[PDB]
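Okay, so here's just one chain, in structure tokens, the form deposited in one PDB entry.
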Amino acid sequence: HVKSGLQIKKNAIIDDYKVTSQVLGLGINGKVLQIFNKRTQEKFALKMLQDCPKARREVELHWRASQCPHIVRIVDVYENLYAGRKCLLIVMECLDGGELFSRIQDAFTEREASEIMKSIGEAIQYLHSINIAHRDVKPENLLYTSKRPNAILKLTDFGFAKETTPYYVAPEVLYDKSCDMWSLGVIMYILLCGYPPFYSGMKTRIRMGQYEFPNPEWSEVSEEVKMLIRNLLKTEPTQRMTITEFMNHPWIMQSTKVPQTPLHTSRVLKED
């Protein structure tokens, strides 16, 4: 009930880790390069930011969200001089299980889709409960821990993350959060059929809310699931479902009762 604060080291990371050049990705702040712990031989990944009140916010918001099982753990944060300017080196747990849809791409059922959505939801539920929005919940930022079947799906990259701030008093007497709820709707839409609900012109279709549940990809999918997507992909954010309501929806709470109906998502993804 009282977790430690960010220790934030000052000594060189070259002392503790052997920094290689095997890049795991790029993105919103800087590339992620793999390192190795010199004591043991464990992997870990290194994200590299330059020190400036903004990247120093990311490390702070990530550290709070890190206590959640479905968010990448940051193992240590270093403050070093790279080249000749202040930098924040974030050391995170290794996630070599691939991206969410990279796994799916090689049966896959609605139940499996339901279970995945609960994991992503638990990360968002924790973020919102402590007043944090992710603002960039996309397929690329959702990575598995290992290749083993049973690995935990974790949310990553807090670069766009921002803080959102009697017994009878109302909540408004005390909307970046809704942004994430749209995202879950997109992720859930792609999880069920294998393609996104909007593509190309496209900018207009996203504003209008013009999408379909076409056959054959949605033929087997229930109206209960379609209506859940409708209430996540609303044009008006205040008309949109909240994370507490999402986690209390029967399709998410009882992932086990959801039938093992086969989806096209594996085959559809396979064709680029």
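Numbering starts at 1 and runs along the sequence shown. Throughout, rigid core stands for the largest set of C-alpha atoms superposing within 1.5 Å between the two forms.
Trainee: Thinking of the other compared PDB entries, is residue 167 one of those residues unmodelled in at least a third of them?
Mentor: Yes, residue 167 lacks coordinates in at least a third of the other compared entries.
Trainee: So residue 194 is built in this one, but is it left out in a third or more of the other compared PDB entries that include its neighbours?
Mentor: Across the other compared entries, residue 194 is absent from none.
Trainee: Hey, how big is the hole between residue 174 and residue 175 in terms of deposited residues without coordinates: none, 1 to 3, 4 to 9, or 10 or more?
Mentor: In the record, 4 to 9 residues between residue 174 and residue 175 lack coordinates.
Trainee: According to the entry, are there none, 1 to 3, 4 to 9, or 10 or more residues of the deposited sequence without coordinates between residue 150 and residue 151?
Mentor: According to the record, the chain runs unbroken from residue 150 to residue 151.
The form deposited in another entry exists for this protein as well; it is not shown, and the discussion that follows is about that form.
Trainee: Core aligned, which of 70, 234, 43, 64 has the Cα that shifts 2 angstroms or more between this form and the one not shown?
Mentor: Flagged residue: 43.
Trainee: Can we say the CA of residue 13 moves by at least 2 Å between this form and the one not shown when the core is superposed?
Mentor: After core superposition, the C-alpha of residue 13 moves 2 Å or more between this form and the one not shown.
Trainee: Honestly, after the rigid core fit, is residue 25 moving at least 2 Å at Cα between this form and the one not shown?
Mentor: Indeed, residue 25 is displaced by 2 Å or more.
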